[PDB]
Protein chains: 2
Amino acid sequence: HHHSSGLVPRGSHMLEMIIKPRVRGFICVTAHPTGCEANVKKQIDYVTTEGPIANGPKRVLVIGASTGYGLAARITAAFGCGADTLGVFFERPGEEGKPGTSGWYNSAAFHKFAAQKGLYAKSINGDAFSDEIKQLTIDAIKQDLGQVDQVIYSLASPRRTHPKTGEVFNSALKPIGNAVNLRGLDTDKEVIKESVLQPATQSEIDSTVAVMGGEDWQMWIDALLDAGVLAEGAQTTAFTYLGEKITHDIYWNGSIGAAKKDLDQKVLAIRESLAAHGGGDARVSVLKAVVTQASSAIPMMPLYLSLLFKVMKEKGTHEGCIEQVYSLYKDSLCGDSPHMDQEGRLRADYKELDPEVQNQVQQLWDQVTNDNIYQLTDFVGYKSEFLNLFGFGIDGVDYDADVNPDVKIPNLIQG
Amino acid sequence: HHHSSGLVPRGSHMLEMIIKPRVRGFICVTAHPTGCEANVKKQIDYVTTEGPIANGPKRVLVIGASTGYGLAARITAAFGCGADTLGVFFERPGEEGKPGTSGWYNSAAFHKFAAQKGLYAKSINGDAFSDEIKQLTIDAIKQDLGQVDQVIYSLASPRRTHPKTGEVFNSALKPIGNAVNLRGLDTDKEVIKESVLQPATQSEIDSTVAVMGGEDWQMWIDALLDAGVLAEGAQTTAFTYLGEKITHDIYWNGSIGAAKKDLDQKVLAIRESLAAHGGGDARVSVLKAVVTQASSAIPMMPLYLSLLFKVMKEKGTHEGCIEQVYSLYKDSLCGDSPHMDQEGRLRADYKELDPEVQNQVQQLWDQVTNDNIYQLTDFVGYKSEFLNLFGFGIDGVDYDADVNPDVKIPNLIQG
Ligand SMILES: NC(=O)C1=CN([C@@H]2O[C@H](COP(=O)(O)OP(=O)(O)OC[C@H]3O[C@@H](n4cnc5c(N)ncnc54)[C@H](O)[C@@H]3O)[C@@H](O)[C@H]2O)C=CC1
Ligand SMILES: NC(=O)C1=CN([C@@H]2O[C@H](COP(=O)(O)OP(=O)(O)OC[C@H]3O[C@@H](n4cnc5c(N)ncnc54)[C@H](O)[C@@H]3O)[C@@H](O)[C@H]2O)C=CC1
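Rules of the game
Residues numbered from 1 in each chain as written, not as in the entry; some residues may be left out. Chains lettered and ligands numbered in written order. Heavy atoms only, no water. Residues with missing side-chain atoms left out of burial classes, pairs and counts. UniProt positions renumbered as here; feature names shortened; annotations may be inferred. Helix = DSSP H or I, 4+ residues; strand = E, 2+ residues; numbered from the N terminus. Contact = heavy atoms within 4.5 Å. Polar contact = N/O pair within 3.5 Å; in protein donor to acceptor, adjacent residues only side chain to side chain. Salt bridge = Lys/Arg side-chain N within 4 Å of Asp/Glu carboxyl O. Buried < 20%, exposed > 50% of the residue type's maximum accessible area, 1.4 Å probe, protein only. Least-squares fit on C-alpha atoms. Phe/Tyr/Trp six-rings, centres within 6.5 Å; stacked < 30°, edge-to-face > 60°. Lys NZ or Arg CZ within 6 Å of the ring centre and 35° of its normal. Near = heavy atom within 4 Å. Areas by Shrake-Rupley, 256 points an atom, 1.4 Å probe, with all protein chains shown as cover.

### Concerning the UniProt feature "binding site: substrate" in chain A
Residues and elements named next belong to chain A.
Then step 1. When the UniProt feature table is mapped to this numbering, "binding site: substrate" covers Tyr241.
Then step 2. Residue placement: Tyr241 occurs in the loop between strand 11 (230-240) and helix 7 (245-248).
Then step 3. Among all residues touching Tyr241, those that are not within four sequence positions of it are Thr247, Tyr251, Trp252, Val286, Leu287, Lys288, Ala289, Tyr304 and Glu352.
Then step 4. There is a polar contact of 2.9 Å between the side chain of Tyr241 and the side chain of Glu352.

### Considerations on the pattern of salt bridges
Then step 1. A complete count under the given rule lists 44 salt bridges over all chains for this structure.
Then step 2. The shortest N-O distance in the salt bridge between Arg347(A) and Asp341(A) comes to 2.9 Å. With respect to class, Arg347(A) is no different from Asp341(A); both count as buried.
Then step 3. Where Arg22(B) meets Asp402(A), a salt bridge forms, and the shortest distance between an N and an O atom there is 2.9 Å. Here the residue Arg22(B) occupies a position in the segment before strand 1 (23-24), and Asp402(A) occupies one in the loop between helix 15 (379-389) and strand 14 (412-414), the pair thus bridging two chains.

### Some points on the UniProt feature "active site" in chain A
Then step 1. The feature "active site", as annotated in UniProt, sits at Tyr251(A) in this numbering.
Then step 2. Not counting residues up to four positions away in its chain, the partners in contact with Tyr251(A) are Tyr241(A), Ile256(A), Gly257(A), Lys260(A) and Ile298(A).

### A closer look at the relation of the copies chain A and chain B
Then step 1. When chain A is fitted to chain B, the best match, at an RMSD of 0.0 Å, comes from turning it 180 degrees and sliding it 0.0 Å along the axis. The transformation just described matches what one would write down for a two-fold rotation axis. If distances are taken from each C-alpha of chain A to the rotation axis, the shortest is found for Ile18(A), at 3.1 Å.
Then step 2. A shared binding surface is used by both copies, with 100% of the interface residues of chain A retained as interface residues in chain B.

### Quick notes on the environment of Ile298(A)
Residues and elements named next belong to chain A.
Then step 1. Tracing the chain through its elements places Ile298 in the loop between helix 9 (293-296) and helix 10 (301-315).
Then step 2. Sequence separation of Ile298 and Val29 is 269 residues, and the distance between their C-alpha atoms is 18 Å.
Then step 3. Once you skip the residues sitting within four places of it in the chain, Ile298 turns out to touch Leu173, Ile250 and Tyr251.

### So, the packing of aromatic side chains
All names here are of chain A.
Then step 1. Here the structure, examined in full by the defined rule, presents 20 aromatic pairs over all chains.
Then step 2. Centre to centre, the rings of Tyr69 and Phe239 are 6.1 Å apart; their planes meet at 65 degrees, and the pair counts as edge-to-face. Residue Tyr69 is located in helix 2 (residues 68-81), and its partner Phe239 is located in strand 11; the two are separated by 170 residues in the primary sequence.
Then step 3. For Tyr69, a relative accessible area of 13% translates into the label buried.
Then step 4. Aromatic ring contacts, followed pair by pair, group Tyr374, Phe379, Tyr382, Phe386 and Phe390 into a single cluster.
Then step 5. Lying across the ring of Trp252, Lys261 places its NZ or CZ 5.1 Å from the centre.

### Points about the site of ligand 2
All names here are of chain B.
Then step 1. Surveying the vicinity of ligand 2 reveals 32 residues, the closest of which are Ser66, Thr67, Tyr69, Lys260 and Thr292.
Then step 2. In this structure, a nitrogen atom belonging to ligand 2 sits 3.3 Å away from a main-chain N or O atom of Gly126.
Then step 3. The backbone of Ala128 places a nitrogen or oxygen atom 2.9 Å from a nitrogen atom of ligand 2.
Then step 4. Notes on ligand 2: free accessible area 840 Å², of which the protein chains cover 96%.
Then step 5. Put simply, the parts of the chain that give the shell around ligand 2 at least two residues each are helix 2 (68-81), strand 11 (230-240) and helix 9 (293-296).

Shown next, in the form of structure tokens:
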């Protein structure tokens, strides 16, 4: 009620909103629908440009398909191999006044671009750890594809509800055995903070292994196998990171590392199951450190990546998710001579572990301070890549314009 | 529900919003709380700078006090004469997701700045045409001031509900007798549109006089008088515009002009009432054309003002609301020698009616086209002034930042 009330249409501004980056730590509480779409198209375009990949799979299940490496797999499979993709993820739909998660908009754009190139895209939104979601996934494969010939396992979560026990496990990102003096990056104030991270309880290590270890991967392959929806000679891989000695106290030999080691264990039993089924295979694929929602949350990583970006950009070996996963498909998943390591893992992370990069990064680490951040490190590149995750800082996108956050997805099974 | 749901605070972004100009025609559906505040402070600052005005009123009622000329009076009275001001207006409070009107935020900032300088500020929000609002206004004067010594009548509305009949009159902005070929400015496409405005029915002229004529002004003075809340020797003025021959077909000799003429009629009876009461007075004050919500809605005005701004800026006589009203107080309402005209109206609009300005404007009018708008006219200045009304384009204001639209007002009587 004012003096000109009702003599004037409210218009669409009432249902739409201006969406801008809102960052606290490694958390961004907003996502831009138009920019996620454009970010995804950027990745699709990269794969299209590099060109088709021969000897690729044709019916692919990606578990964790909405963001980061899982999305990059979905795009590589789809636009590089022409594969049909069934994506499983866990994301918040957008609604009025309330932007959905990144993953939601990424997947909406994925379905859109897939349809444009005549590719199959269906997705399932819900807890991948649950039996219910597994069943829904099997039914979808049954009805539409008959079988899948590749299963990409790409989950990153801070928790898991055991499909059998009631128990809710929580992921812990601590060091093991001994406390660590962390010299990190405060991303908001843009200074060097200095922490001390206490090592994890056994109880926490067990929880981290339960979340990010290989049990669920195993449960998935088994469920798929005995529903008969896995093709003979099928291939499944789960992503992991090794890093080098600088990251080791926190990651590889930390609690998250304990989980990733459980991975190398479970992959044996799973490989056995796929070997028996028409000469199939199961590998752990090691990828380089990139900026994603998962890696951001890892202590030391923001500064590590800031440095890593600087060195590798100079060296010319800098890549993100989509380049990593494309080359993982081309060189190792589909290629003649695969990059196998001593443990029998595929490898795409070697350019990062180049001893020249690691030494150059290491000597820059102890010597970074509040005055030289923008000269010793590519903190700028990092920030930009972080914002990119959420659809921000994209070129061609008008962030001052109204956008409707209520973006729906065709052929989206909601569980 | 996503994978990291609840492990993360939503934060204030949930209740706040980014507010940007949203303009369709002479309508802007948003207003910026921080910018309205800053716009008001700009005006206050101007008055403070020019310096105190001697011989001013001390207890002032401003009817139509939230925007445009009425606000400018409220600020001049308050910050130039140190007067206590009781403001009457009709505005929409802000709430979450829904910016209030300009006037609302203007008044919130007014109460704020007034309190800072120890001045009295109370306002009443509701229909000034109604008896109820008049009563509420009288009670407020009774309780806090005893009496007012100045009544500024500054209403601009497209309608009026007669306080006695049920009848709802609607204001019409048409020419009289004969149709008009209007050469105007399309403000969105930024081209020259060309219309044909049919003259108004008698029925519409009567409605326009009922809305913007002097009946309500009269009803106000009377109501005040016989409640005994008007001081002896009180002064009341109502604002009007005359313009020159270019504006005459649409304004002065149009339907709105019929109303403004009813003003000159009613002011006689009202002056008689104030003369009898201790030597008081009632005048019609004529002000120059400025950019406001009221004038924007008037055909031909956008282009007229665009031109007028250009010429007067060059001449150095360009002013807006606050300069007009300050000088109206200084020179004519409070000053020794008042600018009285043949009809006995006060005048602040003379710099506009300078025959040199009007001729220069006129020869530019027929000769403006889609290619020369940004060189023949100050369409830029116009747009900026228009945006300023709603708190936009203000310097020092971060329009990318979240702002809470729920801004409340102390000592605000809501009717
Ligand atoms: N980010 C890096 O630097 C590297 C990442 N990785 C690994 O790649 C994998 C993926 O990590 P990112 O792509 O970085 O993380 P991410 O946060 O971008 O993606 C996680 C994906 O899993 C989904 N997800 C999480 N919980 C789920 C649930 N309960 N049910 C269904 N979907 C769920 C998300 O929706 C999303 O699609 C992980 O194994 C991670 O350790 C390995 C090498 C380095
Ligand atoms: N804008 C111009 O170029 C000129 C304006 N004027 C006159 O000055 C007066 C004010 O006009 P502006 O300041 O331009 O318009 P405006 O739209 O800025 O202000 C109108 C004011 O009256 C209030 N109002 C409208 N209806 C109301 C109602 N039913 N109850 C209570 N309050 C109500 C609004 O809240 C606002 O405070 C009018 O008489 C107008 O004709 C005269 C000379 C030129």
